[PDB]
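Following this are structure 1 and structure 2, which are two forms of one protein chain, each written alone as structure tokens.
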Structure 1
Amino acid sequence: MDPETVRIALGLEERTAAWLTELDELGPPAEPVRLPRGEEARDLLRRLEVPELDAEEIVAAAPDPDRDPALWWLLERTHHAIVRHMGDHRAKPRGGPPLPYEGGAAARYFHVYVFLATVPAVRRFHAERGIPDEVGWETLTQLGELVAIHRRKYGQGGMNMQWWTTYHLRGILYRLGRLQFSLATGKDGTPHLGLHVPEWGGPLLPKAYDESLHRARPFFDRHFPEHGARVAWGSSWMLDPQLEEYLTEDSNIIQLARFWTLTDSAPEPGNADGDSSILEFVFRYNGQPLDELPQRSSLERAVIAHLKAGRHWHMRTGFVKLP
């Protein structure tokens, strides 16, 4: 098989040829790709908290080297492209393009198969770094969340956040209770930890937040002592001071943001970039006209109002010192 044949077979944009050539050069992994099957696949998916509806469909559609040779060629090389960067937070998060849905369920669940095929590799890395099993597993369960999110957002099974799953799969991101932390470095190479909030796990309670923060240094200093971060950095819609206009005092976002020191400049009022991000995280926004979107929470009402009024939301960046 060749990258042009693969590209055309799967119906990928000409845009992706460079990626495909790169993968082509890279070749198959030393350890040949293996997909768990049947009840082994069910157990793994269940452990990764993939909802049952999706897990059944994932197993049923599992591709095959002989019947799906283009898709299988990509599966091995995409797996290879991730594992070669195991432990390496300096490499860009390149998970590969999404596959056109005309390839059916195997195409839609492509990056789930990448994730399943890569679990053994990253779990070995976890073991080597002395990471507790429950931490490793808890970290990998975001696969379920992102699978469920695809369904809510689009109407059928899939997982199109493969750029993000490169972090879990390279063992450079760990969920430590309510928050996640990623190995990171600034433009000047100073190590920090990136701080992230997964959807699942309920509201962002001060006490859960605070516990996660207490876990970060001891965890990273024990298992990645070479890193030495003192500070956590976040970029998020939820760091927009403009939220103070709409959210009240019981809002966990309003209380927690107060600890943060913002480091980017106040954005231009007319800049529109942070719009799609807040829309994504609040509504899983999929192009629909704003009046259809639910209005059941103060935040839901807030983000519409603000946009209706011809105003814009921005992503802000800030830091907190790790306790």
Structure 2
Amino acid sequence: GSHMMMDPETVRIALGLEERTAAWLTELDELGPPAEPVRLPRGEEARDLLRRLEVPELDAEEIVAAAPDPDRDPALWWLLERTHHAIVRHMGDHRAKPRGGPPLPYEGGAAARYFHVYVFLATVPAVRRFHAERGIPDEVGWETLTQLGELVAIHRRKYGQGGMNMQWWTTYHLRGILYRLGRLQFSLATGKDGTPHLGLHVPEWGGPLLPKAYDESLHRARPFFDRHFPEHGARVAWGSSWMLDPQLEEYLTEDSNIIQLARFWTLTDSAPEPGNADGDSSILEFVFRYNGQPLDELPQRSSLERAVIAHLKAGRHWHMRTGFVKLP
């Protein structure tokens, strides 16, 4: 006989995986296949799901087309079901490290690039069963999962081709420890000391982030987590953003959109050592999906837009400031 059964080393060699991944693989091997067997939806079923997850039509096409088969793509399928398992074993547990497995090298199929979209879609039924136990409204569960689409989109924007390399982040959605309430996202978290809180994150990135929308989400966070996760019992929300950078105040008066947002926040860090530019790349991403062109090519169509580039011209840099906001 010539057949080889799929194991850590076979899988690691089949897909062009680096030496380092070995440990991870062994660990997945010691973890079973999932007790509920993994299955990808297919055809219309899949296209509907992907559409419900706001994945752009082009990528949805490619995704369904490269969808792995248990018999045809035996390495991929071994890694799929074990990666799925490594995620659901930690359902509800926000303490567990956000480990969604490595990216596959891109010279395997399109299938390799979309591997973690497969993980995601394979995990949807389970997390939604969890949503249901926790009494969470469907509308909210779905809204939360939607971000897959944005992430797929982002990947295409940032490189020539489809994909989704933010699998560490999607463990949050998939573990049922992250929820989108209105315009904003909240995640269960405890500090290094045991103190329970929420992480506040901004999905869509770039788009219409309005004070009233922002206010609305903040007013939902607490009753929501009290209702569905009593215990934990957070009362504040932590977060870092260029938005919290006081330097903005040098250009923008107190009624500017961003400054109103910043007001919600109690800063806790201090200005960083001179010439830090930790804010540069995300402020630029948010304000004009960038890309890389010369600064004076960029549009100047708002106070904010004019302020972002005036500051970089005067050779200064944007910072990434941190703080909390006491939840209503």
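For the two forms, the rigid core is made up of the largest set of C-alpha atoms that agree within 1.5 Å on superposition. Just so we're on the same page, residue numbers count up from 1 along structure 1's sequence.
- Structure 2, rather than structure 1, originates from the form solved without ligand CO8.
- Residue shifts between structures 1 and 2, rigid core superposed: of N252, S182, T141, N160, the only C-alpha displaced by 2 Å or more belongs to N252.
- Core-aligned CA deviation for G201 between structures 1 and 2: 2 Å or greater.
- The Cα shift for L279 between structures 1 and 2, taken after rigid core superposition, is 2 angstroms or larger.
- Relative to the superposed core, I304 undergoes a Cα shift of 2 Å or more between structures 1 and 2.
- Core-based superposition between structures 1 and 2 puts the Cα shift at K92 at 0.2 Å.
- Core superposition places the C-alpha of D291 9.2 Å apart between structures 1 and 2.
- A C-alpha shift of 3.0 Å is found for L239 between structures 1 and 2, based on superposition of the rigid core.
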